[PDB]
Amino acid sequence: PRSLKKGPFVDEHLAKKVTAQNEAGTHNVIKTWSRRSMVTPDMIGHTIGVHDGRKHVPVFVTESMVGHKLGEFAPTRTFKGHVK
Amino acid sequence: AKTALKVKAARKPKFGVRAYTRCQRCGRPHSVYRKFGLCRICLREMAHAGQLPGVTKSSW
Amino acid sequence: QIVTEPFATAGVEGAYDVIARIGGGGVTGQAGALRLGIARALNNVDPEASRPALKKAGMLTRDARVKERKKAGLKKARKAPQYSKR
Amino acid sequence: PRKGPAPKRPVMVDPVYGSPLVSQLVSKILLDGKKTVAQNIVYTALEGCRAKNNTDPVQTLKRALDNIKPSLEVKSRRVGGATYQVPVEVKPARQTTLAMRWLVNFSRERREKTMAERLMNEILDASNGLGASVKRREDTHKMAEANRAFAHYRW
Amino acid sequence: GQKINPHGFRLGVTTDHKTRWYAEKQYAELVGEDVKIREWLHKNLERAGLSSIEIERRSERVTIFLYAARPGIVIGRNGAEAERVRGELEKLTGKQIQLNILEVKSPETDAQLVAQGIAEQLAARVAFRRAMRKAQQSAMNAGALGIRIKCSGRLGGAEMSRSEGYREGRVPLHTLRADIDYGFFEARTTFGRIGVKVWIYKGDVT
RNA sequence: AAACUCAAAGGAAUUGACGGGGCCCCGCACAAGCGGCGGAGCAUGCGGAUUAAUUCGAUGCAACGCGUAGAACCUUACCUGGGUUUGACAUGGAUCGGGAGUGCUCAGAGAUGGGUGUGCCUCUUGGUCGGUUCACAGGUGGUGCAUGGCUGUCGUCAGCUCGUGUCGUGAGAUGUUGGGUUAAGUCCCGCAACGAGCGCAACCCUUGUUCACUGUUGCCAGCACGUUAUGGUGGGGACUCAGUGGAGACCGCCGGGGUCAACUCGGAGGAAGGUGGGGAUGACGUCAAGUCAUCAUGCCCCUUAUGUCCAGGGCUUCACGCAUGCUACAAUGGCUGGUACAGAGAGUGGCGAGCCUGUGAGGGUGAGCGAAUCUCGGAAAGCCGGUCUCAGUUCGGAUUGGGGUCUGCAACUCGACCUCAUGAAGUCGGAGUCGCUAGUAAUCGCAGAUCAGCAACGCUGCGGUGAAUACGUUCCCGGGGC
Ligand SMILES: CON(C)Cc1ccc(O)c2c1C[C@H]1C[C@H]3[C@H](N(C)C)C(O)=C(C(N)=O)C(=O)[C@@]3(O)C(O)=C1C2=O
Ligand SMILES: [Mg+2]
Ligand SMILES: [Mg+2]
Ligand SMILES: [Mg+2]
Ligand SMILES: [Mg+2]
Ligand SMILES: [Mg+2]
Ligand SMILES: [Mg+2]
Ligand SMILES: [Mg+2]
Ligand SMILES: [Mg+2]
Ligand SMILES: [Mg+2]
Ligand SMILES: [Mg+2]
Ligand SMILES: [Mg+2]
Ligand SMILES: [Mg+2]
Ligand SMILES: [Mg+2]
Ligand SMILES: [Mg+2]
Ligand SMILES: [Mg+2]
Ligand SMILES: [Zn+2]
């Protein structure tokens, strides 16, 4: 994982969008392609549409999400099983 | 290789880590030697033709 | 034994000192090199009374057996990758 | 090979016991290319031999080898539509090789803990006239006697 | 398909490298400029006929030997073409170029010019058998000890590809002390291109 | 007999190929041996399935750790979506120009767009850019059965042909059959053949012996001090080594065999003896073998898209099958302390010592070295002491939970590493199958390419330790002469 002394990586536009949402009301879905970013407490209770390759799947970030990346909650491959 | 890819590789990347080598004669992105640029095929043919000083076949 | 036996096969025996400086190789290779060196020293000291027996014992000879080089397409000098028909 | 009999590498003698037999034994144990490990095993076995009986360990090894040496053994033959087991006499070098190989293999197969005195136990048993090696020698001789009717196929 | 380049095979043994410079921190960039120089010269001086381009460097100064059959094209009128090609060379590289152009004493014996001529005839749609026989006869009139020519491709504008060859004398490809000059060219026809390879056994060298 | 049907049916002979035809041969082809694979876990490639995409190529030997000597972005060729249209990039004419090009900011996932700062050198007509066009570019789009180039392959196999002559109506034959020999169409003998060429061999590289020359960054025998200490020092050409040039092996000598002759056997000398070991080198051709994706190219196709830019995704999927490997299943072993002996290589955005700090990965300082100097550096196996005592274990290290480090704009998909815990299958593997004839197999570590990092256990090299066996050609596979 990322070095501790480098701090968490939030993609610096997701951060600004969630801060603006905090300032103007925590009610909107924030569309982003930043699977790369780190969930932080400052965005807790938001809903973020994380890109998964072809669609911005929405995730409602809760308290326990914080120690995870945004892309962990937007699966990229679909399997459904072999045969049927 | 594609001309657009060659020029994109030539130009400075956005992030330093995103740069790569490309065969400077050939455009090939695989098996490019740092010592003399070029690539696998370019090295072989140019060494045979004798344009690379010091480079000769090895049979030790 | 491989380093002491030059004296044993020569007329002189373990009443004759030797000083050796040894480099490179492993323990057995160093032993063989030291044996050949002692044999050559005895040779060029007494090339008439120790030369015949010393050479007959196959000791005034350096074996050229050296690790054969690895070859492309092969796992080792002669070992080949496991052939798999179909 | 087609060309002819390839030359044989001369067998060296053991520095300690002064017998080519022990050198052949260590070269037969000689797993993984570890000569020192193999001859540590062999020397330990021979010393255990001289411990359990006063006689010389090289002599007891020799007696074991004579007790395991086969005289004749059968080989497959492709005469006709069925395979035959033709008995063939065994030369002294081949039979010494067979005795050593059987000794080492059955020592490895013995149930005791350590290889050194597994081999020591097997050597003593063979010298006495017992053990898996002697049993295999007797079985091969028995099967050669059973198939003795094909001694006329020798070429 | 399975034969080594004669020049690479004899490199260091009998024949020598075309480039003579030493550099251990720029090696790649000097190689790149050399490639640019050679490509430019080949692309813009087909008419002269290039046997070889030999490159030397001393200190930020490049020296180009151009071995050409007819340096009349290279020199133009009173060296005007030579000056213009030199100027294009500074424009391309950025270094001081000293360019000298040399003759080939026996163009009919140098293999590279022989391939040049055979490919030119093939492009001009001359019968390949007649062209190969003419080149072979001219080489042996000059006095080469052995000729071998091979033209591969859609010879005669056909559909299937052929590999027609001529040879007589002796061409010991396997002998390293044998001085064998090797040339290759591509005839650009309305039907793809024909590969013409020429081996010429000049003689034996120490 | 006929209808009908075919454009051949046939004779002898030639050259090939094939034969469960012969004779003679050769190759780890068997046999004789040693170690494996097929079972287990993991790594890796592929088929299949799946998917928005799982880019493309490779398919019996001769596809499958193959193009890949490095897929998180890039690479990237694929998919979703967002941009763009003389285009991301060339070359040339015009035409309006003076900045181009960029620093800081703003909006944006970014592409890009908007700000703001800075703003050509000559010269009265250039370098450089702009548009509008005009030409045009671009394509990893198609066809490897239109091709060039390059490569595999039969095959290091011993062969494949030509000129002239001669024989035959002719294809064609002779040479190139025969006897002997050789690793070899290598030679010898005879011969309607006489010759030559490409292959074989030799010339080349490396290794084994030795001489001369040179002596640092290498070496230290004799001489003088060194902090005790380090060839550290003056110095030395002895030894080693480095690297240039020579010598040396030729069945050359001796004896036997061989009608002789080629060859062959034995011996001496010698470091090396009958090709000393290994590499480079792959004949005429075969397989419409591989590659239009390295490059090049005929034709066809795309041209506000099959061009091109960007972010995210994919190339890493997983009921499965195959293939190549790695680690194992333990005592010839595991753990632990001590202690020996290498070679070949790499290094300035690099190799990094030393010291400090941390359990450690590492971090902080940081000399030295563009390197026979300094660093990578520790070699490991081994030896020696202790310990475990045959236990699914103090074997095995898969998986999984926690805490981390580093590289990078960024380690979710999808990196390596450290540490703590967890402790799976596996008891030597069915039919079948693979490698190897000596410094080889087996094993042991080391280095390099690519490379920020690395899924590398791969690949190419390097040395350490170091075997067993080959009666033999009957059988299996491949090939050679008649
Ligand atoms: C199909 O088109 N028509 C019918 C003929 C055809 C036409 C054009 C082509 O370009 C090829 C082919 C046949 C294929 C067959 C391929 C196959 N292979 C892919 C496994 C194969 O069985 C072998 C082989 N084992 O030797 C080949 O020869 C092969 O590779 C090859 O060359 C081929 C071609 O490319
Ligand atoms: Mg990269
Ligand atoms: Mg007939
Ligand atoms: Mg076998
Ligand atoms: Mg398995
Ligand atoms: Mg694929
Ligand atoms: Mg394609
Ligand atoms: Mg294969
Ligand atoms: Mg083809
Ligand atoms: Mg294909
Ligand atoms: Mg040769
Ligand atoms: Mg094909
Ligand atoms: Mg194309
Ligand atoms: Mg893949
Ligand atoms: Mg360097
Ligand atoms: Mg062999
Ligand atoms: Zn290239």
Side-chain angles (χ1 to χ4, degrees), chain A residues 1-4 9 13 32-36 51-55 68-72 75-79 81-83, chain B residues 1-4 7-8 13-20 23 26-33 39-42 57-60, chain C residues 21 23-30 61-62 64-70 72 77-86, chain D residues 1-2 5-6 27-38 41 77-78 91 94 113-115, chain E residues 1-4 9 13 24-25 152-154 159 161 170-172 174-177 186 190-195:
Chain A
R2 191 173 155 94
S3 277
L4 281 176
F9 176 78
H13 47 75
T32 196
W33 297 259
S34 182
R35 306 180 54 101
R36 192 170 70 177
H51 193 228
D52 76 334
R54 68 173 147 173
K55 64 182 181 293
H68 300 300
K69 293 306 192 85
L70 277 296
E72 286 214 271
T76 55
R77 275 163 281 225
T78 61
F79 180 57
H82 293 286
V83 288
Chain B
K2 284 155 63 180
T3 300
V7 305
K8 211 201 314 192
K14 168 160 262 184
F15 312 104
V17 74
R18 185 173 289 172
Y20 57 111
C23 167
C26 180
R28 196 185 166 98
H30 270 292
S31 82
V32 168
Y33 291 84
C39 76
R40 214 185 56 211
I41 312 97
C42 289
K57 294 179 61 64
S58 80
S59 71
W60 83 96
Chain C
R21 181 66 178 171
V27 288
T28 296
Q30 290 191 350
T61 182
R62 185 210 180 288
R65 314 197 284 151
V66 167
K67 279 206 86 84
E68 173 170 326
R69 86 175 273 259
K70 183 182 182 294
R78 300 194 201 198
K79 165 176 183 27
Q82 185 177 182
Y83 173 108
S84 179
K85 186 161 59 171
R86 68 186 170 272
Chain D
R2 270 74 180 267
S27 296
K28 185 51 78 169
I29 295 284
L30 192 50
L31 189 60
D32 204 4
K34 300 182 180 184
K35 179 69 70 68
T36 315
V37 174
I41 285 185
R77 195 54 190 162
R78 191 66 263 176
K91 296 172 166 54
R94 178 91 157 88
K113 305 294 97 175
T114 185
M115 178 79 211
Chain E
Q2 60 274 67
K3 286 188 190 61
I4 192 169
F9 187 37
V13 189
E24 38 52 75
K25 223 109 147 147
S152 290
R154 273 144 70 82
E159 272 296 293
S161 179
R170 60 196 313 271
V171 193
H174 271 64
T175 296
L176 282 73
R177 67 157 80 106
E186 272 181 344
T190 71
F191 55 92
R193 54 188 54 246
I194 308 299

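Chain naming here is simple, since letters A, B, ... match the order of the sequence lines and numbering starts at 1 in each.
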Does E/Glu24 make a side-chain donor-acceptor contact with the base of F/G370, cut-off 3.5 Å?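 For E/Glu24, whose side chain was compared with the base of F/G370, there is no donor-acceptor pair (under 3.5 Å).
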Is there a side-chain contact between [X] and the phosphate of [N], meaning an N or O under 4.0 Å from OP1 or OP2?
| X | N | value |
| --- | --- | --- |
| D/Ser27 | F/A468 | yes |
| C/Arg62 | F/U209 | yes |
| E/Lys3 | F/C284 | yes |
| B/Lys8 | F/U75 | yes |
| B/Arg18 | F/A311 | yes |
| D/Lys113 | F/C390 | no |
| D/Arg78 | F/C476 | no |
| E/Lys25 | F/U348 | yes |
| C/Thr28 | F/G466 | yes |
| B/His30 | F/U450 | no |
| E/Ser161 | F/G148 | yes |
| C/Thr61 | F/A272 | yes |
| A/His82 | F/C318 | no |
| C/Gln82 | F/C37 | no |

In whole Å, I'd like the distance from the [atom1] atom of [X] to the [atom2] atom of [N].
| X | N | atom1 | atom2 | value |
| --- | --- | --- | --- | --- |
| A/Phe79 | F/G314 | CZ | P | 16 Å |
| B/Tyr20 | F/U76 | OH | P | 6 Å |
| E/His174 | F/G155 | NE2 | P | 17 Å |

Classify the nucleic acid contact of [X] as base, sugar-phosphate or nothing, counting any heavy atom under 4.0 Å across all strands shown.
| X | answer |
| --- | --- |
| E/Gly1 | base |
| E/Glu159 | sugar-phosphate |
| B/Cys39 | nothing |
| D/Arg77 | base |
| E/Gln2 | base |
| E/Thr190 | sugar-phosphate |
| A/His68 | nothing |
| E/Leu176 | base |
| E/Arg170 | sugar-phosphate |

For [N], what is the paired nucleotide under Watson-Crick or G-U wobble rules, both distances under 3.5 Å?
| N | result |
| --- | --- |
| F/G313 | F/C78 |
| F/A62 | none |
| F/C355 | F/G364 |
| F/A340 | none |
| F/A173 | F/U166 |
| F/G325 | F/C42 |
| F/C150 | F/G290 |
| F/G270 | none |

At under 4.0 Å between heavy atoms, which parts of [range] does protein reach? Answer with one letter per nucleotide, 5' to 3': B base, S sugar-phosphate only, - none.
| range | result |
| --- | --- |
| nucleotides 237-251 of chain F | --------------- |
| nucleotides 22-31 of chain F | ----BB-B-- |
| nucleotides 440-448 of chain F | SSBB----- |

Please list, chain by chain and in numerical order, all residues satisfying side chain to side chain contact (heavy atoms under 4.5 Å, CB included) with [X], sequence neighbours excluded.
| X | value |
| --- | --- |
| D/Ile41 | D/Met115, D/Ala116, D/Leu119 |
| E/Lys3 | E/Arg148, E/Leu173 |
| A/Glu72 | A/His68, A/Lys69 |
| C/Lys70 | none |

Please tabulate, one pair per line, each protein N/O and nucleotide N/O from nucleotides 135-143 of chain F that are separated by under 3.5 Å, including the distance.
| residue | atom | partner | partner atom | Å |
| --- | --- | --- | --- | --- |
| F/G139 | OP1 | B/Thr3 | N | 3.0 |
| F/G139 | OP1 | B/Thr3 | OG1 | 3.1 |

side-chain contact (heavy atoms from CB on, under 4.5 Å), that's the test. Do D/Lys35 and C/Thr28 meet it? Break it down for me. CA-CA 11 Å; D/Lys35 179 69 70 68; C/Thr28 296; over 6 Å; no
Let me know, please, whether D/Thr36 or D/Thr114 comes out on the 5' side of the other along RNA chain F by nearest nucleotide.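 Result of the comparison: D/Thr114.
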Name the residue closer to the 5' end of RNA chain F, choosing between E/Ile4 and C/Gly25 according to the nucleotide with the nearest heavy atom.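 Its nearest nucleotide being more 5', the pick is E/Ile4.
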Check nucleotides 373-375 of chain F against the protein and report each pair of N or O atoms closer than 3.5 Å, with its distance, or say if there are none.
none

Going by ring centres under 5.5 Å and near-parallel planes (under 30°), is A/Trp33 stacked on F/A109? yes
Stacking between B/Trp60 and F/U206, defined as ring centres under 5.5 angstrom apart with planes under 30°, is that present or not? no
Could you walk me through whether A/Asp52 and A/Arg54 satisfy the side-chain contact (heavy atoms from CB on, under 4.5 Å) test, starting with their C-alpha distance in whole Å, then the side-chain angles of each, then the deciding distance to 0.1 Å, before giving a yes or no? CA-CA 6 Å; A/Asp52 76 334; A/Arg54 68 173 147 173; 4.0 Å; yes
Contacts of C/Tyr83 that satisfy ring pair (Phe, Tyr, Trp, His ring centres under 6.0 Å) - sequence neighbours left out: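 With sequence neighbours excluded, C/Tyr83 shows a ring pair (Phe, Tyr, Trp, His ring centres under 6.0 Å) to no residue whatsoever.
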For B/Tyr33, all residues meeting ring pair (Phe, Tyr, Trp, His ring centres under 6.0 Å), sequence neighbours excluded: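 Expected list: B/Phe36.
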Close N/O contacts between protein and nucleotides 411-415 of chain F (under 3.5 Å):
| residue | atom | partner | partner atom | Å |
| --- | --- | --- | --- | --- |
| F/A411 | OP1 | A/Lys69 | NZ | 3.4 |
| F/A411 | OP2 | A/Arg2 | NH1 | 3.3 |
| F/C412 | OP1 | A/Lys69 | NZ | 3.4 |
| F/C412 | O2 | A/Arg35 | NE | 3.4 |
| F/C412 | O2 | A/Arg35 | NH2 | 2.6 |
| F/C412 | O2 | A/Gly71 | O | 3.1 |
| F/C412 | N3 | A/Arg35 | NE | 3.4 |
| F/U413 | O3' | A/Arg77 | NH2 | 2.9 |
| F/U413 | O2' | A/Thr76 | OG1 | 3.3 |
| F/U413 | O2' | A/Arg77 | NH2 | 2.5 |
| F/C414 | OP1 | A/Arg77 | NH2 | 2.6 |

Might you confirm whether atom CZ of D/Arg78 has over 12 heavy atoms from other residues, nucleotides or ligands at distances under 6.0 Å?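 Yes.
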